[PDB]
Each structure stands twice: as structure tokens, then as C-alpha cells.
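**Student:** Got a structure for you, written out below as C-alpha cells; questions coming shortly.
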Ligand SMILES: Nc1ncnc2c1ncn2[C@@H]1O[C@H](COP(=O)(O)OP(=O)(O)O)[C@@H](O)[C@H]1O
Ligand SMILES: Nc1ncnc2c1ncn2[C@@H]1O[C@H](COP(=O)(O)OP(=O)(O)O)[C@@H](O)[C@H]1O
Ligand code: BEF
Ligand SMILES: [Mg+2]
Ligand SMILES: [Mg+2]
């Protein structure tokens, strides 16, 4: 639409929220692949932050491209390498959800604020395969990675 | 009669006349200008005012400036002295070689040949291009159209045709550059001086050049195709001759018309076009034709806006053609060049009684195997190659070889392919495809068929690939 | 009073009046012409000029030619004499049988019945066709969307409705052909004569026909549904009957309206339709209802542009529909007449609070078993009709007897077939099906239930096969 | 005199605005000082909007325009046969004037509801797919519709060619006069066309009306009405005509040009609100007259070009609802080898059986059912190893019947030839013949029966149907031939 | 000024999408009736007369040049739209960038089959021609065959080799 | 009236889709520029100014309230369409 | 034991793919008609705006 399309050029950072993502219960409903920032530069954020960010987006884009086949044939027809990116991608998606103080009535969870370092570490660890054993649902609606691990143990 | 400019809005100039009103299509000359500024009369508005379209820029025009009626439409030099020369829309030389000293001039507007003047004669014009010759061959004296979106290969194709057919043609050629790149006009002019088709020294020039490119205002682009066609009409009629007419790109005559339509007071038709799109095209196209007096083989590049063949402009052009080559971006994207759609190119002479049952049966067989593959593609892309019978996958391997064997390196495309250009005789084209259809090369790899001339080059390539 | 034509632009004529202006919707009569040219006032442009839409070709018209304000909207013959006759949009007869001899005329434009004149009660309109009455019952004064189209027995079903309504309710019928193909109008006339519902001999015709043929200007095709409606209004208001109105077809009413709107220079709305799409439809449809005096019930054939049910034209129509009757080619090829899809056709009044609590549960029970029969149809062409449980074999045997029991011999098709016509009472239809479900006929053979009326003929036919 | 004459106020784009002519009627043909004709489409308070029949370089502001007593009419009668004429009936083939005795107005009402009888007499095209599966009757309007280059004109030409077998015979009832209306086509295309009709000796019973791409918009608009009037000469004199409008797409474009330039309001795709009306009034003029009215007919075969298969576009929508049926052509069928490229699942004729002879009716009924049942399964073809024998049978009968519907161009078949061919497939004789051999088989089988069994064919025709005797005779011709074919 | 004085200039128009929008505003306010997509009828000509001025001059005119890199913004990856194809139909090639490529880690995110140069090897040094001469077509065929191969089912040595070469060149 | 006098009312607009269609009819007859789905630019304001009037008043203004239940008809579950959104 | 398990699984998986394709068909048809309606409307609004601006 002319209004939003014209607005993009006026921003240094854009957070694009998606109804599709909302309807999956991911909150906040940010499209990881449509939101950008003029300071996502290794010279500004440092190379570890930059590299983890780019790695997350790659796995998410990789997963997105496998989703045509998933919709018709399902998980079973995938190779073992593709099943892995799918399961890591789905973990990353959920780890990007977060309980907001402002939304406690809707989530039924206490609000969380996550320090940037703990954000980098969490996703870095998921990407590195350190949590392939934990189930998806453990990464949903938590603060730091520690909470998803505690949540994993609680799910017995 | 002397008139005065009363309104200027872009390319559209209104002129009031005190005495006699110049008829529609008359050329007016603006006074007080450094270079000739012609206005063509388009409408009588009433109150002794005419509406005109300008043939050059209207910057510097002042209300009250004087305009003279020339008495006639734009009249251009025709005859042998146009050969080797470059003209603009109004017939001035733009090659910096002085006057075009012909005996005769001709109006760029004229009636189309009558029904009784029509010829039905049609024989194949072999080009050396495998896909064209095989599936939708051109006819001598026929109307050929090359359709495609922006950057898919129209001009490269038309340069290959010029190379393969015009360079050793008996009679005369006309090339009209209409709303295309000036760079391309310079490329072509020097290529033809280098090849001797144009000769700056003697009188053996075989091509006349008319240019009104995309740096020109719309009035110029809307009339320049008529200028070129007029040069070709003279050769067809007043020398009864065999003529080659090349136009790149005829869409730009329609587009230029659409640029000024609103300023001419027209309500727009669908997709933003002038309501007169089809009649405008008719009265122009119907002059581009063979008659009993002479033959014209016309080849017209036809731009397709937004890659949509249903666009009013291309859609209305189809019925003016005897053979069509449709280029596709989806095909170019794959590296298949020329990017011709084998299932959307057609020819009036693709008949077993004209090309023979062997050419025809092969052509139709190639198209069948490509349609069958096309209809399998998306299914096996999901259910897998394994679910196919050992005959469904045979036509898959064969169709993919045939898709590759329709590609071909053009002489004129060496700067892009890195391959030496190939010209392939009709018999060899037919035989090559006959053979793949018959199973003769099921043992060769797909890639061996990519970007070669004759079928022997694919066997050669297969050995080279082995390691 | 007398006006002069000041503009002719196709089907649009501007007329200037020296004195008092003809109000919007008035019929104007053009003078100096072979056949009657009527103009309907659409706007007052100011300066004593009106803009009008023509009901016929305007070729030959001259500026200054005289026009006569008739003082009213279009007025047409109404009453028992319209029956078995064919008139056009301005009420002229076109069957060539001379004039139409009625005491009353009526204006084709009329506002809908007021709120206080509204029945608050929802009654079934018994057709006597088993499929309809049991599963998707017509509502008295409701609108019914007839789907399927050409090939599946729409014309036979139409003629049967005229028959069964003039029979079991003493109600007459009107047929309004909006954009009627001339060839099909002739064909229809003669089919109706041959089936009896029209009679050129006496005065026992059951249907008036009103044709606004495809080759007429858009004003004419836009107005015919109203002409047809006016005719029908007479029999409800003046004679107290439960009337039947057929509109074939409603999309062509929308289309003509869209055309007239275009010609009047109004800006098109979404998808090219008239801005007045919903009110054009509303001011026509609302006239079809149950009043205190009687009721009009309308059967309307719907064309769905692009098979797109969200298209403005079908979507605007559906807001007015109380039922659909879906004629299906699949059913026809299985020999079940009438070829009504018993699961695809629906009724809004199929509600225990409106029809029986017993009517509702029989219909729901019929539905569930026919839906359940469909599930088992994959397990048949795989395992054979024996691997089923005793519960599952029972529902197949009962469902198939129900399918066949939904068929019916029509009186209107006695000539082509040979079988005698059946008009089944509502309580007998409900009873029949209730008992096949109960198992009170499991001992009987399957083809005992085919092409019979009431369940009493299923017994009589099962004995005659022994 | 500003009642019988006017003066030009403004001129451009084929529209002249004329002060005066106070007495012109709506749609009257006027005349400009130069000699050009024009037609008065817009009568406005202060001007007449005149549509120009020619090049407007010949008309200036101030030009005198006159009413003349003119009527828009055309020459009519059998002196038009074998002639090629423009939209107003002038000869353009160069063979001298038309020897016409009668004339007829181009704008006239269709016969009303009463003077007609049901459509019952076959209009044979000679095309197996059409004659069997989409049968056309005398007085029907049947649309030929599809994208460019799908074979629309070819259906029409084959149809015209087929009529020779009746027009050469002695039975006057079966005869059919042909009208081809070329609208917005290029001249050389029309030349190729009449050439083809000449070499086929079909021109002698064909009128060609031609309003080509460089003819003015008003001429292309009129041309189909003119040609219709010529056909009505036949319809109203106990005779039968066939008219092809090739195509109505281009006529509508020419109308839109005029509407837009007269500044009438634009609707969908910029078409005026009376464009439906333009075609409905044309196509209702096709009719079957009753005996009281002479028993004559005018069958119409309008042609519409779609754009990328969009049959729900504005003008296709219009002509589809106006006609009694449609023949749908498809690009994809065309390249698969289904030529003619008729979508037999979608194509429909509402007349149907009523327009088929008993013999065709018999076998066509079986073919229809077997092809429908084939279509249900046709995607298990290249994905079917372990299908039940019953459905391998549907697949096999289906691919074979499909091959029988394939037909070369320029060779229309007599009905009894068509039933012999269809019989062979619907009786199962070709079920073990490999599908690619079928068209070789058919070509050969038909030459044979046309050669040695003119009497079997003479009788399949005469008995109206296929007798028990014809059945036995066909059984032995087919079994023995087939055995010979596969030797 | 550089072009006509024996010098070489490079111009970047960043971007011409926003220029066309500005032209459209001005044109509509001047009350010139809108054309396709609300832009004026002559939006092609807006850019065509601009970009034609990028040119290489002959020695008699001083041997200078002006090279242009106009920028167009697409919506939802649609290079096939009206304004995009307008501009493609003016220039001597285009570099088409895609977000899908970008996120997958192909940066610069150039789509090979859809990008083209209309000058080709004539604008390369011989050394670059010697190594790059056939690569573009090769990489187009690589992407097609990679897709057709997608499910690793018995592939010959020739396609296996093209795949191996393709992934490494990428 | 109720909201402003310490009373509680409930209003149902059945339905606001049909109202918007009414308004588009009026706007197009006024030759206002059609936008998305041929709706005028002010179709949002039509509903916004109406539904803002449903409010809960504090004790200082009587404690009354108006509760609104507008009805919107979607076409085939499409909640993303212009009027629904 | 194996083919019983294979042909059960394939039956099931092919059941699911068929139902998944069927849902996607429904969803794409809806998208088709929404796009279809908007193209008509957009094309018309262009014609109107041009006509009006004169
Ligand atoms: N036959 C061909 N072989 C190789 N590359 C080609 C061929 N045709 C076109 N191309 C590529 O596409 C570019 C655009 O082709 P061109 O003919 O200029 O497009 P247009 O169709 O717009 O005239 C060429 O400069 C070249 O890079
Ligand atoms: N039955 C047929 N068999 C083979 N080719 C055909 C057949 N019918 C038509 N064609 C060919 O198909 C092409 C398109 O046919 P044409 O009648 O001109 O289609 P249209 O009028 O739809 O453009 C022509 O070259 C024609 O010779
Ligand atoms: F860009 Be191409 F010359 F149409
Ligand atoms: Mg080019
Ligand atoms: Mg044709």
C-alpha cells in the first residue's frame, strides 16, 4: 500500500509484525526476515552479534524454502540434513518469542527483559546444535536460554 | 498561411490560423527556431485553432510565435540516394554527410494497398536458426514478428537475422530504429560499414537507415516508423523490388501515441492506451506488406510491457503477422538462448503441404514432447522422478535434450556466450531433432546438447565432457 | 403534458418540458413512431430537462420530436387474463393472441410492504416434492436460489411447481425471463402448452409469462423482473393467493442494472458493478414476501460469475435467499428425478423452532445417513460391500433406499415418461423417511422405493415384484 | 438551411462535431463536402457527433454536411455469392459490380418469439469432435472461442468447405449458403482465406464480407450487421444460410473506439454499457423460421478471441451468455496433438441431440459417456501400475476415442463416414491397437470403406441409423482390416 | 561536462522510483490526466531521455564518457512489473538483487539468470574474458539443473560435475 | 442518552458491512475517488467516529456506559480485507 | 511384516498429501478470486480517473 511503502525510507530500523506469525502464537509477532536495521553492521555491533544474527536469518530462510514440500508431503520426505535445519529453525522461531510485562494478561507468563549478551549466547548455542535434544516447546515464551532448559527439565 | 502558437503543453502545441486552416496530417513549420521544428496537425479544435504534435522538443516556444503551413504532410526523400544514408523522422540527414539529393519526395502518410493488390505466394525463408526454421519458419515476402519483454533477446535475434539473411540478400534493405537505444544505432551503422553493406565511398550501399530513438520526443517516435516504411514502399513499388524491412521496435509507435493521448483530449481505453490503438496500428501495419508490384519481407521487434502478452499493444499486433517468434524471460533465465518459447511461436507456413510432412511431423513431435514434459514438470517436482514409468521418464530425458538442442550460439552474441556463432542448415536441424526424438542419443548427457550448432557438435561435446 | 427530445445518445434520451416535469420513474410515450417507444425518467438535470432510459431502439429519433408524459410509471395489465399470455416489459402482448383484456392496470414501481404489514410467522410452503419439503423446505414468501442450470431438469421442475402450487394451494404463477434468449422463450412457451400449465383453449392457464429478451436495451432487461413482479402482486394483494414468481435469471437483472448505471455516467463500484447494487436488488427483492393478505414466493436461477461465490453479484443475492435448490448432473446421470442434490441444497427454515421438532430430526437423520453412506464409499471399492460391520451394512442398505425414496414421478412429465404423476403430502413425506430410518422396511428390496410417491406405493411396488 | 444541413465545428479521430442538421435522425448517414459518409450517433443540444467513414484529412472545420435521404442498407441476394465485398456491400475483388436486384437495411429487429420453430435440422460441420459431441443445428448460435492461434478460423473454414457435398447435390433442403465476415483482419490474411475457399470450390456458395484493420472503426462495427442482412435474404426466402463473425472481439474494440471518442461513459475494460446490446441484437437475428414463414434459417458462428484463457473477461462473458453453446479451444490440447484442440469436457451445445441424425446420435452417446468416464481417471495414466482391470479399460478406451477425434485440416467428412470411424472405436475394435497407430489406421480404414463400400455408407445414411445388417457388415470389414493392418 | 571534455564520469541515480513518484505528483497537480498505475503516460520517456545521455563519445568529440547506474526499487521481488520493465527496456543491462538470496548468504545477492549486461565481454579486459567468458550461461544452467536434481536420484557424471562446479563458483 | 445519565446501554450494529456499502453507494454517486474495493478514503472514519462513542464513563460523569457490538460480514473467512481490518 | 507396514504407511501418507493438496487448492482458489476482483476494480479506477481528469 502507498502509505507503508513510502514510510520505509524514513526509518533507521523497521520492526515488521506479521499476522501469520501472530496466529501461530509467536509474540511479539516480528517477521525475522522483513525487519532490518541500518546499524546491523559488524563495525557497529561487533562481529559475534553480526554473525549470529546472519546465521539465524540463514536458517530461517533455508527453512522457509523447504516449506513448500512440508505442506504437501510433510516432514517424512526430507533428508536428514533438512530435518535438522527444520528442527533448529523451529527452535529459533520460538526462542524469538518473549513474554512482555505489558501483555501478562494475554500470555499468562511474567514479563522478561533479556540482556543483549544473553540474547547472542542463546541463539549462538541453538545454532551450534547444543540443544537438538530439547523439545521445541521448551523455547516458547521464555527470557534467557537457561529458562528454556529449566522448562525442558520441567516437561520431564 | 501564417498561424500563431496559442498553447504549449509538452509535445502538444495548439496553433491559431487567421485565414485558411491546414488539413489534418499537414506539416507546419515553426519560425524563429535554430533547427527545423515541424508540427503535425492532429485535430481541428474549432475557432480556427488546430491541435498539433511536435516532431522535436518544444522548449523555447513562446505563445504568439509564427507557424507556417507547408501545404502537405511530412515529405521525405525516397529512392536509391537514401541507400547508405541515415535519416530522421522528417527526412533530414543525420550521418553528417550532407544533403540527400534525390529527385523524388514522398509523404509519410499514404493509403494501404487494396485487397486486389494482395499476393498469396509463400515459400520458406531459411534463417539458420534451429528453433525458428524448425517450429515456426519465416516466409519470403511475409510479415515476421519478434515478441518479448524487456531484455529477453529481440534485438540480438534481429541482429542475427540481419547477419544471416540481409548481408547476402539480392535487393535492398531498410532498417528503422523506433524508440530504441542510440548506442544500438551506432553499433549497427559501423557494423554495416565494416561489412560493406554500407559503403561511404561508392554507390553499392544496400541498406537505408531511418532513426528516431528513445532520446526523441513522442511526436518523433510516433511518426518515424512511417518514415522508414515510406522508404521501403518506394523500393517495393517504384523499383518493383525485393525489400527487407527491419523495425526495432514497433511497440514504440503505439507507446508514443499513448504518451500524448490525454493531451489530445481522449478518454483512456483499458491499461492506459489511446482508444484508437487498433485503427492506428491497422492503417500503419497494412502498408507493411507484399503486393503484386513487389515483395517486402518485414521483421518487426515487438516489445511486451510488464512481460504480459495480453497487453493491448502486443495482443493487437499478433493478427498483423504471418510468423511469430515469442521470447520468454523464464527461458532466458535458464541460459536457453535464443529464448524462444517452442509452444507459443507459430507460422502460417507450418503445414505439411508447404514444408513437407517430414519437417512438419518432426516439428509437431518436438512440440508434443515439450508439452508433455511441461505438463509433467510440476507433478514430478513434488512426487519425485521415481514414480514415473520407464517411458514417462524417457520423454523427460528426451525433452530436456530437445530443450537444450533448441539453444544455439549466435555470431552476433559472441560477446555474451563466449562461444563461436553457428548457422545450421534446415536439413540438419530437422535430422538432429528427428534423431533425438527417435532415441538415437539416449546415452549422451543433457549438457552435450546445450549451446551447439549441428547434432555432430553434440556428439563431439559429449566426448569432450567424458573428461 | 408534452415535451421535446433535446438529446439522443444511444439508449439515453434527454427530454425538455415547457411546463411541469414528469417525476423520476415516470413512463414517457414517444410520438411519431411505428411501434411504442417508452422512456423511463431517471434524473432531473435542471433547466426543465429530464434524462431518460429507453425501453427500445432509439434509431430514427429526431431532436424536437414530441414526447408525452403519461403521468405515471410504467403500467401493465394485471389479473387472471395475464395467465397463459406473454407480455413484454411495458405490458404489450407478444404471443400475437390479440390484446390483454383486464379492468386493472398496475404501475411496475411500487415500494415494499411496510413493517406493520409483515407476517411475523414463518410458514413452510409445501411443494409436494419429497426432496425439497423434507430436506430444504421452501418458506412462504421466501426466495429460493436454483442452481445447476441448463441440462438438469430446471424447466420440468419449474413447470411442476406451477402445477403443484395451483393444485395444492390454489396459487398461480408468473415467469419473468430477464434476458430471455428468443429461441429459448419460444421453446419454453411450447413446452408449457404441451404440459398443460398453459392452455390456449380455455381459461385454465396457471402461469403468466413476461419476457425481456436479450436483444433489448438495458433499461428493458433491467425493468422486466419488476413487470413480472407487478403481475404477481395482483394475485397476492387483490386475490389473496400464495403466489409463485420465477425469475430467470437474477444475474441478468444485476447486469442490466449495471449497464443502465454505466450509461447514466455513474461511477462503477468494485468489480465494475453499479454503486446502487445492493439497493437495486433490495427494492426489488423486498416486494417478494408474505403479507397479511397473501404471499409471493420466488424461485430465482443464479449465475455465479467465475464460479466465484464472493463476487458482488452472487454475494448481494445470497443475503436475500431463504433456500437453495441445487440441481446436479451427477444425480441426473444416476436416474434420480428430480436431480436435487439432497446434501448441497439447504434451507434457512430447517429449524426445529420453525418446522416440526419431528420434521427437523427426520431431515437431520436423513442427512447424517446420506453423509455416512458417503464415508463408507471408499471402503467399498477396496474391501467389497461385505467386510462392513452389521451396523455399517445396515446404513448402506437404508441410505440407498432413502436415495431412491427421494426420487419422484412428476405429473408435468407424464407425456415423455409414461408414469403417473405424484404430489406427496408433507406429513406422508415425513412419515415415509422416518420409517426407512427406523428399519420398518429393511425386509423390502432396494428398487421398491424408486419413482414412487408416498411410502404406500413402496409397499404396492414391492408386492408387484414379489 | 441548418435543418437539412450542418457545418463542422471540430474534427479529429474520426469524430466530427457538426453545428446544425436540426432534422437528422439518430443513426442517420450524412455526407461531407468532400464526399465522405458519416453516421449520426450522438444528437446533442448544440451539436451532432458524427462518426466518419474514412480518413478525416478530407474534413476541415467549416465543412458543409448534408442529410441526403440516405439509408444504411446493403445489396442482398444470390448475386453476392462468390463475391468479396466490403462492409457496405461494394465489391473489392475487382470482378465488376454486384448484379443485385434487392437491398436490405443493416439495422433490423430479430424475428420475435412466435415465427420460429425448435432447432431440429443438422448443420453439419464435418468435424468429428463437433458433429458428435457439440452438434450444431440450423438456426443455432454456437460460439467458437479460444486464445489466438488455437484453430478458431479453421473450424469455420472446414465448416464452409463441408457444405459443397450438399450444395452440389439435388436435395434443396440440405443446401447451405455461407457468409464469412472478416472483421479487423489484415488484407493478405483475407486473401489467403478466399484462395483456400476457391481451391476447395467453396467460394461459389460463399459471400465474403471484409472490414479489415485499416478500414475505419464505423465500417468494422457495421460489417457484421451487413453480413447478417445478407444471410436474412436466405432465412426469409425458404433458404438456409450460415454466418461466421470472425471475430466479434475486434468488432467490440471498434465500437469502444467510437464510444470513448464520443465521450460516452466507460465501464469494464473501458467498454460502454450498451456493448452487450451490440452483440445480443446481432445474434438474436439468427433463427429457425416456421413453415408459415418459409421454413428458412440463419445459423451463426461468432468467434471470440480470449486472452490467456480468460473466458470470464467482459466480452467473452457477454457472447457466451447470448449463444446456445460454445466450442472451447485450448493451446495445451493443441500442442499435445489434440487437433482440432476442442475441450470436449467444457464445450456444450444446448440444442444437442435434437440436431443430430439417428446414426450419429447412437454412437456419439456412447462416446460421450466413455470419454466422461475416461476424464475422471486420466491422471492415473502415467501413474498407474496396479490399477484394476476395469479402469485400465477406461484409460484404454479413452485414449483411443481421443485419437479418433483428431482430424486433419481442410478435409471435412460426411456424417456416415464419421459414424463408421466412431463405431470402430466405441465397439472396441481398436482397444489392442497401439494409440499412435490409430490415425494411420483411420486414414487407411476410411479410404477403404469410401473405396469398396460406398453401398454400406449409402445405407448407414439411408436407414437413418445402423441396421443389424450394417452392424454385421461393419464387424467383418473392421476385424479383417485390423488383422491385415497389424500383419 | 566531463563527458564532453575528454573525461570519464560515473552517475548513480538513487533512486529513479522516487523520481517517478515526484514526476507523478507534479504532473497530476498540473492536471495532466494520469495514465497506467496513476503515473503519466510518458513515464518511460522521463527516464529514457535521462539515460540516453549516458554515452561514450568518439575521438573527434574528445573520447570522454558518462556511465549510469540508475536505481529502481521493486515491491515483493517483482522485476516483471511496469515501472521496472520500463527501465530495463532503457538500460544496457541490470543487476537484479533478491532478499531470498541475501538471507541465504548470497551477498552480493545477485540473481544470475535475471541479471544481464548488454555490452558483455567488450567491457572486460582480456584477462577477465579468459576466465569469465562462459561462466554466466554456465551458472544459469547450473541453477536449473540443481533444481531438477533437487531429490538426489541417480545422476550422471556430467550433471554431478556441473553441480560441483556450480556450488563452488557460487 | 443512557450513557450520559448514569445508565448502561448496549448497541448492536447489524451490520456495519452493509452500512459501508451504503456509504460507498453515496460516495460514488458524489464522484468521490474510489480506493481499495472502490471505497472512499473516509470509510475508516465512518466507523471510527461511531464506535468511539461507546465508552465507560467515570463516577464524575455518572458512571454510565455504552457497549457496542458491531457486526462485520467477511467473504469466505477473509479477515484481512479492507473493511474487516 | 514389512510390506504390511509399508503399504499401510504409504496409504496413510498419500491420504495426508491428498488432503493437504485439497486444502491448498481451496486456499489458492480464494486468493485467485480476491486477485481477480481487485484487477477488475484497479483497471476500472484507472479508466475513471483518466476520464475524470479531462
Ligand atoms: N541469443 C542470445 N545469446 C546470448 N545472450 C543473449 C541472446 N539474446 C539476448 N541475450 C542477452 O540478453 C541481453 C538483452 O538482449 P536484447 O536482444 O538486447 O533484449 P531486448 O529483447 O530488450 O531487445 C543481451 O544483451 C544478452 O546479454
Ligand atoms: N485440425 C487441425 N490440424 C492441424 N493444424 C491445424 C488444425 N486447425 C488449425 N490448425 C493450424 O493451427 C494454426 C491456427 O489456426 P487458426 O484457424 O488460424 O486459429 P485462430 O483463428 O484461432 O488464430 C494454423 O496454422 C492452422 O493451420
Ligand atoms: F529492452 Be529491450 F530492447 F525491449
Ligand atoms: Mg532491443
Ligand atoms: Mg483466426
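All residue numbers here begin at 1 and follow the chain in the order shown.
Each residue, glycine too, has its Cβ placed from N, Cα and C.
Here Swiss-Prot flags A:47, A:65 as phosphoserine. Among the features that Swiss-Prot reports, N6-acetyllysine is placed at A:58, A:112, A:117, A:154. Annotated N6-succinyllysine per Swiss-Prot: A:154, in sequence order, evidence recorded as similarity to another entry.
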**Student:** Of the modified residues A:47, A:58, A:154, which one sits closest to residue A:117 (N6-acetyllysine) when you measure Cα to Cα?
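**Tutor:** With Cα distances computed to residue A:117 (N6-acetyllysine), the winner among A:47, A:58, A:154 is A:47.
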**Student:** Looking only at A:58, A:112, A:117, the modified residues on record, which one has the least crowded Cβ, with the fewest other Cβ atoms within 10 Å?
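**Tutor:** With the modified residues A:58, A:112, A:117, fewest surrounding Cβ atoms within 10 Å: A:117.
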**Student:** Cβ within less than 8 Å of a chain C Cβ is the test here; which of the modified residues A:47, A:58, A:65, A:112, A:117, A:154 meet it?
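**Tutor:** It is none; no candidate comes close enough.
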**Student:** State which of the following modified residues has the fewest other Cβ atoms within 10 Å around its Cβ: A:47, A:65.
**Tutor:** A:47
**Student:** Checking your reading of the structure: which of the modified residues A:47, A:58, A:65, A:112 lie inside a 10 Å Cα sphere centred on residue A:154 (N6-succinyllysine)?
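**Tutor:** Cα within 10 Å of residue A:154 (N6-succinyllysine): none.
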**Student:** According to DSSP, does residue A:112 (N6-acetyllysine) sit in a helix, a strand, or coil?
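**Tutor:** SS state of residue A:112 (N6-acetyllysine) = coil.
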**Student:** At the level of the C-alpha atoms, what whole-angstrom distance separates residue A:47 (phosphoserine) and residue A:112 (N6-acetyllysine)?
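**Tutor:** Rounded to a whole number, the Cα-Cα distance is 26 Å.
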**Student:** Using a 10 Å radius around its CB, how many other CB atoms surround residue A:154 (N6-succinyllysine)?
**Tutor:** 8
**Student:** Check residue A:47 (phosphoserine) against DSSP and tell me helix, strand or coil, would you?
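**Tutor:** Going by the DSSP assignment, residue A:47 (phosphoserine) falls within a helical segment, counted as helix.
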**Student:** Among the modified residues A:47, A:58, A:112, A:117, state which ones have a Cβ less than 8 Å from a Cβ of chain E, giving them in sequence order; state 'none' otherwise.
**Tutor:** A:58
**Student:** If you measure residue A:58 (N6-acetyllysine) to residue A:112 (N6-acetyllysine) at Cα, how many Å is it?
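**Tutor:** Counting only the Cα atoms, the answer is 26 Å.
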**Student:** Between residue A:112 (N6-acetyllysine) and residue A:65 (phosphoserine), how many Å separate their Cα atoms?
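**Tutor:** Between the alpha carbons of residue A:112 (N6-acetyllysine) and residue A:65 (phosphoserine) there are 32 Å.
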